[PDB]
Amino acid sequence: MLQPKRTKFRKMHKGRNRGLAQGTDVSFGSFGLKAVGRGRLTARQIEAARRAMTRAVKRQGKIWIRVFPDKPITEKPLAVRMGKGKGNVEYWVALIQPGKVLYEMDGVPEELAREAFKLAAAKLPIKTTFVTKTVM
Amino acid sequence: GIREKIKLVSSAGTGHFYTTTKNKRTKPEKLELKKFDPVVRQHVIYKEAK
Amino acid sequence: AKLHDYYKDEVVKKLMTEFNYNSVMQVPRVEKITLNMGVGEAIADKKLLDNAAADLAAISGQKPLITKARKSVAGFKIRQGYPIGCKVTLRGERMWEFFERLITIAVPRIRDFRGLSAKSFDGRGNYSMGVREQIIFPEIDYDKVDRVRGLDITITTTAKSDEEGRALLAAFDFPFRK
Amino acid sequence: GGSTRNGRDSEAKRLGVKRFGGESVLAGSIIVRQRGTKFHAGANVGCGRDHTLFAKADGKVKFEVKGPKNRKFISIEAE
Amino acid sequence: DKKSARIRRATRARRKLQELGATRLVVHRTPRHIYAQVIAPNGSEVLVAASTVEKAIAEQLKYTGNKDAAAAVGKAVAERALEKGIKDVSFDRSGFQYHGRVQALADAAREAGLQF
RNA sequence: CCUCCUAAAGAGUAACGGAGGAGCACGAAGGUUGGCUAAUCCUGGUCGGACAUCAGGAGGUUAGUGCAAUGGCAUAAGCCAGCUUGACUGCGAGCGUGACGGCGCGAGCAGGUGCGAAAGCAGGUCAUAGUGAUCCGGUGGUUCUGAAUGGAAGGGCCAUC
RNA sequence: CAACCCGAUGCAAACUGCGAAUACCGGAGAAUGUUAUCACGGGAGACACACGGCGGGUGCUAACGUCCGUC
RNA sequence: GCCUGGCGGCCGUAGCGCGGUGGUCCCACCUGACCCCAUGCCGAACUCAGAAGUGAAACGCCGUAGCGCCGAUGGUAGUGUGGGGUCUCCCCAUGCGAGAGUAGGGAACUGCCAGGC
Ligand SMILES: [Mg+2]
Ligand SMILES: [Mg+2]
Ligand SMILES: [Mg+2]
Ligand SMILES: [Mg+2]
Ligand SMILES: [Mg+2]
Ligand SMILES: [Mg+2]
Ligand SMILES: [Mg+2]
C-alpha cells in the first residue's frame with residue numbers, strides 16, 4: 001500500500017522520462033539513496049525496499065521517501081482482443097530519473113545507513129548510490 | 001417540450017403576423033405586446049398567444 | 001437631541017480629560033443603534049413575522065426592514081428568500097431618542113435585571129446585547145400583545161477600542177454592573 | 001463505453017495577425033468565449049455576440065496591451 | 001470608500017466617451033464648490049474651465065455650491081468654450097446623479113449656447 | 001449536436017483513446033435606465049445551535065453565472081428595481097467556416113419603435129449544444145397566373161404547420 | 001487522531017503567477033528559379049499504402065502491431 | 001519652485017504594511033433637513049441649504065524593506081539544421097536559450113488645466 005488517496009482522473013497517459021531529477025541534495029536527513037539511473041518504481045518496490053531499511057536500522061533513526069508513485073499505469077487482461085478501450089488501472093508506479101533522492105536517513109551512524117541502503121537498493125530496478133547531506 | 005408554438009396577430013385589418021412560443025402550462029393568458037406591421041408600415045398591437 | 005446634547009456637553013470633555021484626546025473631533029460618538037429581532041421560524045406561521053414587524057415598528061420610530069436568507073442552504077432548511085427578521089437601524093434623532101426610551105425605560109423596565117453585561121464589547125469597540133425578551137415596553141396594548149418576543153440590539157460606536165468603548169455609554173446612564 | 005464524442009472545428013483565433021489589409025470588417029481575432037483574451041479597442045471594436053473582434057474602418061491592425069493589468073486590447077489604425 | 005464609489009460609476013460612460021472619440025465636459029462637484037472643464041478627446045490637454053473657485057465668479061456670486069451658484073459656473077464654461085470655437089460636447093456628470101447642482105450648470109451651459 | 005485532453009504554443013487531424021453533457025428553459029431569465037457586489041472565517045449579539053437574521057473586522061473575482069465543460073465577466077456577462085417589447089420590417093460594406101447543401105460574424109442604410117436629461121444602447125438571452133434537407137400536402141395573404149372569354153378550381157409568390 | 005494554515009521536498013494530458021526553440025500570418029529588400037503562382041476550361045487516375053526518422057494515443061515506450069501528425 | 005484639486009499617460013521597482021505629517025486655501029469629514037431628491041429600514045448612501053468644529057477618519061505628502069514587485073552575469077533545461085551512439089534515452093558541431101534561483105534594484109516616474117504661496 002502506497003498510492004494517492006484520490007485523483008481527478010482514473011487513468012493517465014503513457015508519457016516518458018528525461019533524466020535529471022529535481023530533488024537532489026538531501027534536505028531532511030544526512031544520507032539516502034540516489035537515482036543514478038532512469039526508470040519507474042512500482043511503489044510496491046519502494047515499499048519492499050523501505051522495509052529492508054527498517055529491518056536493519058532496527059529502530060533509532062528517521063527515514064524519508066521523497067519518491068512517490070501517483071502514476072496509474074494500466075494493463076490489459078489475458079486472452080483479450082486489442083484496442084477496445086484503455087485497460088483498467090492495475091498498479092501505481094513512480095517515475096524517477098538520474099539525480100533522484102529515493103530515501104533519506106539521519107538518526108543512525110553513517111556506517112549503518114550505508115549498509116542499510118545497500119540492503120535497500122537490493123530490491124530496486126534502478127542502480128542507486130549513496131550520498132550525504134552536504135552543505136550544498 | 002410543453003412549449004406550444006404561439007402565433008401573434010396584428011390588430012390591424014391586415015393578415016400579417018408574427019410567431020414564437022409560450023408555456024401555456026403555466027401561462028394560459030393570451031399574450032400581446034405590440035410589434036411592427038410591415039403591411040400597415042406602423043408599430044401596432046399584436047395579440048393571440050394561448 | 002436630549003441625550004445628544006448631554007454628549008457634547010457633559011460627555012466629550014469628560015473623555016477629553018479621562019482619555020486626554022487631542023481633538024474634540026475624535027471623542028467616540030454614538031453611531032446608530034441597529035436592532036433586529038430575528039423572527040426566524042416564519043416558514044410555517046409567517047404571521048409571527050408581520051407581528052414581529054409591528055412589534056418592532058413599535059419600538060423603533062421607523063419602518064421594519066424584513067430580511068431574507070443569504071445561504072438559502074440553512075442546516076434546518078430555508079430557501080433563498082425565506083424571511084427571517086427585520087434589522088431596522090436607528091437614525092440620529094430617533095436613535096438617541098431611542099437611547100432614551102432605553103436605559104431609562106427599557107433596561108429600567110426590567111424583568112429581573114440586577115446588572116448589565118460589561119463584555120458586550122467587540123474589537124474596534126462596539127457593544128451589542130440582546131434583551132433576551134422584549135420587556136413589553138410601550139408596545140401595542142402592553143398586555144394585549146403578541147406571544148413573547150425577544151430581540152437583539154447593537155450600538156456600534158466610533159471607538160477604536162472596547163476599552164474606550166467603556167467610557168462612552170458609561171458616560172451616560174448605561175445600567176451596566178460593577 | 002460512455003467515452004467518445006467531440007465538438008468540431010470552431011476555429012476561433014487570430015485571422016488578422018498584426019497589421020494587415022484590414023478591410024471594412026475582417027476579424028483579426030474570432031477567439032470566441034473570450035472578451036479579455038482580445039479586448040475591443042481602437043478604430044475598430046464590434047465584439048459581436050460570439051465576442052468575435054469586429055474590425056471597423058480599413059487600415060492596419062495593432063494588438064496592444066494598454067490598460068491596468070494586462071488586457072490585450074486589439075485596435076486598428078488606418079494604413 | 002465614498003470617493004472610490006463615484007469613480008467606478010462614471011468609469012463606464014467615461015469609457016464610452018473616450019471610445020466615441022468625442023470631446024467631453026467634466027463636471028466635478030463638492031460640498032463647498034463646483035467645477036467644470038472641457039477636456040480634449042485625448043483626455044490629456046484641457047481646453048476651457050470655469051470653477052466657482054475663480055474669484056472672477058466667487059465674488060459676484062453668493063455661495064459656491066448654491067445650486068444657481070453652479071449654474072453661473074456652468075454658463076461661464078460655455079462662455080469661454082465658445083469664443084474658443086468650442087461647441088458640441090458630451091456631458092460627463094462623472095458619477096454625480098444628474099439632478100441637482102450638476103443638473104444646473106449643465107442645462108445652464110446648454111442654454112448658454114453649448115450644443116449637447 | 002456541444003465542452004475539455006489527445007493535438008506537437010496559427011487553423012485543422014485518428015482510434016471500440018480518456019472524461020462530461022444536448023434533443024431544452026425563460027414575455028422574463030429579453031430591452032433599457034438607475035443603483036448594488038460576493039464566498040469564507042474571527043469577534044460580539046434573544047430565542048440561534050455546525051450554519052436563520054443583526055453588528056463590526058479580516059478577506060478579496062476562493063462567490064455568482066437557468067443546465068456539461070472551456071473560455072469570459074467588476075465598465076460586471078453576477079444582483080435589485082422603474083419603464084417597456086429591438087425576441088422589430090426591409091437591406092447590408094465587408095469578413096470567417098465549409099467539397100457542396102449550408103452555417104456564423106457584421107458596421108452601416110430606410111421605415112418605424114422602447115429606455116435614457118443626454119452621449120447612446122436595443123435586430124433576444126455571457127458565448128459555444130437544445131436539431132431534419134427534399135417531396136407531398138394543410139392554413140392565411142396576394143387583382144402574379146388561370147387552356148375560347150368572365151370567373152373558378154388548380155399553380156406561383158410571401159408567411160407558416 | 002488529524003483538515004486549515006506556516007515553513008521545507010516532489011508530481012500533472014484534461015495545473016499554470018512563468019515560458020522558448022519554432023511554426024505560422026503579414027510588411028519591405030537583393031539575388032536565384034526555362035510562371036515555379038493564381039483563375040477558368042478539355043481528359044484523368046486515385047480515395048487498400050509500406051517502411052525509416054522525429055512528436056505522440058493505444059499496446060507491455062511488445063509485435064515486420066494499431067491509430068494520428070510530420071519529413 | 002512649495003502645496004492642493006480635476007483630467008489623462010503608463011499600469012506593482014507605481015502595491016501592502018509600519019511610522020511621522022498636513023488645514024476654514026483646496027479636500028475631507030462636519031451643521032441643518034419642511035423642502036429638490038432620496039432609504040426593499042435609515043439624510044448611512046444619494047440630494048439640497050450651509051455655520052460652528054476639526055484633521056480624528058479618509059485622503060495627500062515624507063520616512064522605513066518586513067511582505068509583494070522588477071531582476072541580470074554566469075550555469076543548467078529545452079530546441080531548429082547537420083551528424084553519432086543507442087533499449088524507451090543521450091552525445092557532438094552549430095545557431096536560439098528559459099524557468100527557478102543568486103548579486104542586485106526598488107518606497108513610481110509623468111503631461112494638461114485650475115487654485116492657494
Ligand atoms: Mg492548435
Ligand atoms: Mg502547431
Ligand atoms: Mg448562456
Ligand atoms: Mg473508400
Ligand atoms: Mg483508405
Ligand atoms: Mg497513414
Ligand atoms: Mg505496420
# chains A, B, ... in the order shown; residues from 1 in each chain; ligands from 1

call {"tool": "residues_near_ligand", "arguments": {"ligand": "ligand 2", "cutoff": "10 Å", "atoms": "only C-alpha atoms (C1' of nucleotides) and all ligand atoms", "output": "PDB file with N, CA and C atoms (P, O5', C5', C4', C3', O3' and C1' of nucleotides), in the first residue's frame"}}
result
ATOM      1  P     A F   7      -0.638  14.051 -28.816  1.00  0.00           P
ATOM      2  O5'   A F   7      -1.004  15.431 -29.511  1.00  0.00           O
ATOM      3  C5'   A F   7      -0.765  16.672 -28.865  1.00  0.00           C
ATOM      4  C4'   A F   7      -0.989  17.790 -29.843  1.00  0.00           C
ATOM      5  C3'   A F   7      -1.677  18.987 -29.234  1.00  0.00           C
ATOM      6  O3'   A F   7      -1.146  20.101 -29.954  1.00  0.00           O
ATOM      7  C1'   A F   7      -3.091  17.947 -30.863  1.00  0.00           C
ATOM      8  P     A F   8      -0.352  21.268 -29.167  1.00  0.00           P
ATOM      9  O5'   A F   8       1.171  21.131 -29.641  1.00  0.00           O
ATOM     10  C5'   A F   8       2.207  20.594 -28.804  1.00  0.00           C
ATOM     11  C4'   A F   8       3.369  20.094 -29.659  1.00  0.00           C
ATOM     12  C3'   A F   8       3.584  20.849 -30.903  1.00  0.00           C
ATOM     13  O3'   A F   8       4.252  22.096 -30.818  1.00  0.00           O
ATOM     14  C1'   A F   8       3.299  18.591 -31.492  1.00  0.00           C
ATOM     15  P     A F   9       3.581  23.377 -31.524  1.00  0.00           P
ATOM     16  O5'   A F   9       3.125  24.310 -30.313  1.00  0.00           O
ATOM     17  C5'   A F   9       1.820  24.196 -29.745  1.00  0.00           C
ATOM     18  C4'   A F   9       1.336  25.551 -29.283  1.00  0.00           C
ATOM     19  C3'   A F   9       1.429  26.651 -30.345  1.00  0.00           C
ATOM     20  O3'   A F   9       0.347  26.690 -31.262  1.00  0.00           O
ATOM     21  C1'   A F   9       2.389  27.420 -28.329  1.00  0.00           C
ATOM     22  P     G F  10       0.650  26.661 -32.839  1.00  0.00           P
ATOM     23  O5'   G F  10      -0.545  27.498 -33.471  1.00  0.00           O
ATOM     24  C5'   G F  10      -1.104  28.612 -32.783  1.00  0.00           C
ATOM     25  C4'   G F  10      -1.956  29.419 -33.729  1.00  0.00           C
ATOM     26  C3'   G F  10      -3.095  28.630 -34.367  1.00  0.00           C
ATOM     27  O3'   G F  10      -4.255  28.613 -33.547  1.00  0.00           O
ATOM     28  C1'   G F  10      -1.860  29.742 -36.049  1.00  0.00           C
ATOM     29  P     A F  11      -4.962  27.212 -33.211  1.00  0.00           P
ATOM     30  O5'   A F  11      -5.758  26.861 -34.544  1.00  0.00           O
ATOM     31  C5'   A F  11      -6.681  27.790 -35.103  1.00  0.00           C
ATOM     32  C4'   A F  11      -7.173  27.303 -36.445  1.00  0.00           C
ATOM     33  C3'   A F  11      -7.571  25.841 -36.597  1.00  0.00           C
ATOM     34  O3'   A F  11      -8.890  25.599 -36.119  1.00  0.00           O
ATOM     35  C1'   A F  11      -6.265  26.528 -38.456  1.00  0.00           C
ATOM     36  P     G F  12      -9.153  24.391 -35.088  1.00  0.00           P
ATOM     37  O5'   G F  12      -9.060  23.081 -35.990  1.00  0.00           O
ATOM     38  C5'   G F  12      -9.874  22.931 -37.152  1.00  0.00           C
ATOM     39  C4'   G F  12      -9.214  21.991 -38.133  1.00  0.00           C
ATOM     40  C3'   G F  12      -8.846  20.632 -37.576  1.00  0.00           C
ATOM     41  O3'   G F  12      -9.962  19.750 -37.685  1.00  0.00           O
ATOM     42  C1'   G F  12      -7.009  21.539 -38.781  1.00  0.00           C
TER      43        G F  12
ATOM     44  P     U G  22      14.644  28.963 -34.014  1.00  0.00           P
ATOM     45  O5'   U G  22      13.273  28.193 -34.284  1.00  0.00           O
ATOM     46  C5'   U G  22      13.237  26.774 -34.434  1.00  0.00           C
ATOM     47  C4'   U G  22      11.806  26.296 -34.537  1.00  0.00           C
ATOM     48  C3'   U G  22      11.026  26.807 -35.736  1.00  0.00           C
ATOM     49  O3'   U G  22      11.225  26.036 -36.912  1.00  0.00           O
ATOM     50  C1'   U G  22       9.753  27.159 -33.772  1.00  0.00           C
ATOM     51  P     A G  23      11.041  26.727 -38.350  1.00  0.00           P
ATOM     52  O5'   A G  23       9.462  26.770 -38.548  1.00  0.00           O
ATOM     53  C5'   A G  23       8.724  25.563 -38.709  1.00  0.00           C
ATOM     54  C4'   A G  23       7.256  25.794 -38.438  1.00  0.00           C
ATOM     55  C3'   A G  23       6.536  26.855 -39.260  1.00  0.00           C
ATOM     56  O3'   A G  23       6.164  26.406 -40.557  1.00  0.00           O
ATOM     57  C1'   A G  23       5.906  27.036 -36.980  1.00  0.00           C
ATOM     58  P     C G  24       6.100  27.457 -41.770  1.00  0.00           P
ATOM     59  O5'   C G  24       4.784  28.300 -41.466  1.00  0.00           O
ATOM     60  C5'   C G  24       3.537  27.648 -41.260  1.00  0.00           C
ATOM     61  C4'   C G  24       2.547  28.601 -40.638  1.00  0.00           C
ATOM     62  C3'   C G  24       2.446  29.960 -41.314  1.00  0.00           C
ATOM     63  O3'   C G  24       1.581  29.900 -42.436  1.00  0.00           O
ATOM     64  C1'   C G  24       2.594  30.242 -38.968  1.00  0.00           C
ATOM     65  P     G G  69      -3.060  12.466 -40.416  1.00  0.00           P
ATOM     66  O5'   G G  69      -1.963  13.430 -39.789  1.00  0.00           O
ATOM     67  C5'   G G  69      -2.351  14.466 -38.900  1.00  0.00           C
ATOM     68  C4'   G G  69      -1.141  15.096 -38.261  1.00  0.00           C
ATOM     69  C3'   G G  69       0.035  15.411 -39.173  1.00  0.00           C
ATOM     70  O3'   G G  69      -0.158  16.613 -39.907  1.00  0.00           O
ATOM     71  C1'   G G  69       0.802  14.461 -37.134  1.00  0.00           C
TER      72        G G  69
END

call {"tool": "residues_near_ligand", "arguments": {"ligand": "ligand 5", "cutoff": "9 Å", "atoms": "only C-alpha atoms (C1' of nucleotides) and all ligand atoms", "output": "PDB file with N, CA, C and O atoms (P, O5', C5', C4', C3', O3' and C1' of nucleotides), in the first residue's frame"}}
result
ATOM      1  P     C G  47      -7.157   3.700 -55.017  1.00  0.00           P
ATOM      2  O5'   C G  47      -7.909   4.812 -54.169  1.00  0.00           O
ATOM      3  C5'   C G  47      -8.569   4.485 -52.965  1.00  0.00           C
ATOM      4  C4'   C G  47      -8.596   5.684 -52.059  1.00  0.00           C
ATOM      5  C3'   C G  47      -9.752   5.511 -51.106  1.00  0.00           C
ATOM      6  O3'   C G  47      -9.325   4.827 -49.933  1.00  0.00           O
ATOM      7  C1'   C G  47      -9.876   7.640 -52.160  1.00  0.00           C
ATOM      8  P     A G  48      -9.786   3.307 -49.680  1.00  0.00           P
ATOM      9  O5'   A G  48      -8.922   2.439 -50.704  1.00  0.00           O
ATOM     10  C5'   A G  48      -7.511   2.313 -50.543  1.00  0.00           C
ATOM     11  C4'   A G  48      -7.200   1.298 -49.467  1.00  0.00           C
ATOM     12  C3'   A G  48      -5.785   1.330 -48.895  1.00  0.00           C
ATOM     13  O3'   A G  48      -5.866   1.101 -47.493  1.00  0.00           O
ATOM     14  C1'   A G  48      -6.263  -0.838 -49.710  1.00  0.00           C
ATOM     15  P     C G  49      -5.866   2.353 -46.484  1.00  0.00           P
ATOM     16  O5'   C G  49      -4.333   2.541 -46.096  1.00  0.00           O
ATOM     17  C5'   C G  49      -3.440   3.197 -46.987  1.00  0.00           C
ATOM     18  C4'   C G  49      -2.340   2.256 -47.414  1.00  0.00           C
ATOM     19  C3'   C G  49      -1.096   2.128 -46.533  1.00  0.00           C
ATOM     20  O3'   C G  49      -1.262   1.215 -45.454  1.00  0.00           O
ATOM     21  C1'   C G  49      -0.474   2.317 -48.818  1.00  0.00           C
TER      22        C G  49
END

call {"tool": "residues_near_ligand", "arguments": {"ligand": "ligand 6", "cutoff": "12 Å", "atoms": "only C-alpha atoms (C1' of nucleotides) and all ligand atoms", "output": "PyMOL selection string"}}
result
(chain F and resi 13-14) or (chain G and resi 48-51+66-70)

call {"tool": "closest_atom_pairs", "arguments": {"of": "segment 4-68 of chain F", "to": "segment 21-24 of chain B", "cutoff": "12 Å", "atoms": "only C-alpha atoms (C1' of nucleotides)", "output": "CSV"}}
result
residue,atom,partner,partner_atom,distance
F:25,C1',B:23,CA,10.1
F:26,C1',B:23,CA,9.4
F:27,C1',B:22,CA,8.3
F:28,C1',B:22,CA,11.8

call {"tool": "closest_residue", "arguments": {"among": "G:18, G:2, G:25, G:31", "to": "chain D", "atoms": "only C-alpha atoms (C1' of nucleotides)"}}
result
G:25

call {"tool": "residues_near_ligand", "arguments": {"ligand": "ligand 3", "cutoff": "10 Å", "atoms": "only C-alpha atoms (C1' of nucleotides) and all ligand atoms", "output": "ChimeraX atom specification"}}
result
/F:65-67,77,125-128

call {"tool": "write_last_selection", "arguments": {"atoms": "C-alpha atoms (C1' of nucleotides)", "output": "PDB file, in the first residue's frame"}}
result
ATOM      1  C1'   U F  65     -23.275  32.516 -13.992  1.00  0.00           C
ATOM      2  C1'   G F  66     -31.018  28.521 -15.702  1.00  0.00           C
ATOM      3  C1'   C F  67     -28.386  23.182 -17.298  1.00  0.00           C
ATOM      4  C1'   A F  77     -21.921  38.671 -18.619  1.00  0.00           C
ATOM      5  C1'   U F 125     -30.606  35.562 -23.628  1.00  0.00           C
ATOM      6  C1'   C F 126     -22.089  35.788 -21.325  1.00  0.00           C
ATOM      7  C1'   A F 127     -20.597  32.685 -25.780  1.00  0.00           C
ATOM      8  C1'   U F 128     -20.148  27.924 -27.804  1.00  0.00           C
TER       9        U F 128
END

call {"tool": "atom_distance", "arguments": {"atom1": "atom CA of residue 24 of chain A", "atom2": "atom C1' of residue 15 of chain G"}}
result
23.5 Å

call {"tool": "residues_around", "arguments": {"residues": "segment 10-26 of chain D", "least_positions_apart": "3", "cutoff": "7 Å", "atoms": "only C-alpha atoms (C1' of nucleotides)", "output": "count of residues only"}}
result
20

call {"tool": "select_by_dssp", "arguments": {"residues": "chain A", "states": "strand (DSSP E or B)", "output": "NGL selection string"}}
result
:A and (33-34 or 39-41 or 63-64 or 71 or 74-75 or 88-89 or 93-96 or 101 or 104-105 or 129-130)

call {"tool": "write_last_selection", "arguments": {"atoms": "C-alpha atoms", "output": "compact mmCIF listing (two decimals), in the first residue's frame"}}
result
# COMPACT_ATOMS: atom_id res chain seq x y z
CA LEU A 33 19.68 6.69 -1.89
CA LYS A 34 20.35 8.47 -5.18
CA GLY A 39 13.16 4.11 -14.69
CA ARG A 40 9.95 3.91 -12.67
CA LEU A 41 9.32 2.43 -9.21
CA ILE A 63 13.65 7.73 7.38
CA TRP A 64 12.34 9.61 4.34
CA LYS A 71 1.19 7.29 -11.77
CA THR A 74 -2.94 0.42 -16.81
CA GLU A 75 -2.88 -3.14 -18.16
CA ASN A 88 -8.13 -0.65 -16.31
CA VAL A 89 -5.60 0.57 -13.74
CA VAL A 93 4.41 3.34 -10.50
CA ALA A 94 6.72 6.20 -9.51
CA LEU A 95 8.52 7.94 -12.37
CA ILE A 96 12.11 8.63 -11.32
CA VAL A 101 16.56 11.34 -3.92
CA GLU A 104 16.82 9.74 3.47
CA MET A 105 18.29 8.64 6.79
CA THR A 129 24.19 5.24 -4.97
CA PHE A 130 24.92 6.64 -1.51

call {"tool": "residues_around", "arguments": {"residues": "residue 156 of chain F", "least_positions_apart": "5", "cutoff": "12 Å", "atoms": "only C-alpha atoms (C1' of nucleotides)", "output": "PDB file with N, CA and C atoms (P, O5', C5', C4', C3', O3' and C1' of nucleotides), in the first residue's frame"}}
result
ATOM      1  P     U F 142     -55.531  39.707 -49.694  1.00  0.00           P
ATOM      2  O5'   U F 142     -54.324  39.701 -50.734  1.00  0.00           O
ATOM      3  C5'   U F 142     -53.173  40.512 -50.517  1.00  0.00           C
ATOM      4  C4'   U F 142     -52.168  40.313 -51.629  1.00  0.00           C
ATOM      5  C3'   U F 142     -52.669  40.637 -53.039  1.00  0.00           C
ATOM      6  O3'   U F 142     -51.617  41.285 -53.740  1.00  0.00           O
ATOM      7  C1'   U F 142     -51.915  38.383 -52.945  1.00  0.00           C
ATOM      8  P     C F 144     -51.293  41.266 -58.611  1.00  0.00           P
ATOM      9  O5'   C F 144     -50.838  40.234 -59.734  1.00  0.00           O
ATOM     10  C5'   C F 144     -49.775  40.552 -60.625  1.00  0.00           C
ATOM     11  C4'   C F 144     -49.131  39.292 -61.150  1.00  0.00           C
ATOM     12  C3'   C F 144     -50.006  38.317 -61.943  1.00  0.00           C
ATOM     13  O3'   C F 144     -50.159  38.670 -63.311  1.00  0.00           O
ATOM     14  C1'   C F 144     -48.725  37.125 -60.349  1.00  0.00           C
ATOM     15  P     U F 145     -51.499  38.242 -64.093  1.00  0.00           P
ATOM     16  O5'   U F 145     -51.359  36.664 -64.272  1.00  0.00           O
ATOM     17  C5'   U F 145     -50.272  36.102 -65.000  1.00  0.00           C
ATOM     18  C4'   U F 145     -50.333  34.594 -64.952  1.00  0.00           C
ATOM     19  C3'   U F 145     -51.641  33.997 -65.441  1.00  0.00           C
ATOM     20  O3'   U F 145     -51.675  33.802 -66.852  1.00  0.00           O
ATOM     21  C1'   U F 145     -51.051  33.037 -63.355  1.00  0.00           C
ATOM     22  P     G F 146     -53.054  34.014 -67.651  1.00  0.00           P
ATOM     23  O5'   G F 146     -53.962  32.785 -67.201  1.00  0.00           O
ATOM     24  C5'   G F 146     -53.591  31.442 -67.508  1.00  0.00           C
ATOM     25  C4'   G F 146     -54.508  30.480 -66.791  1.00  0.00           C
ATOM     26  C3'   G F 146     -55.982  30.740 -67.063  1.00  0.00           C
ATOM     27  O3'   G F 146     -56.333  29.995 -68.229  1.00  0.00           O
ATOM     28  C1'   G F 146     -55.609  30.583 -64.725  1.00  0.00           C
TER      29        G F 146
END
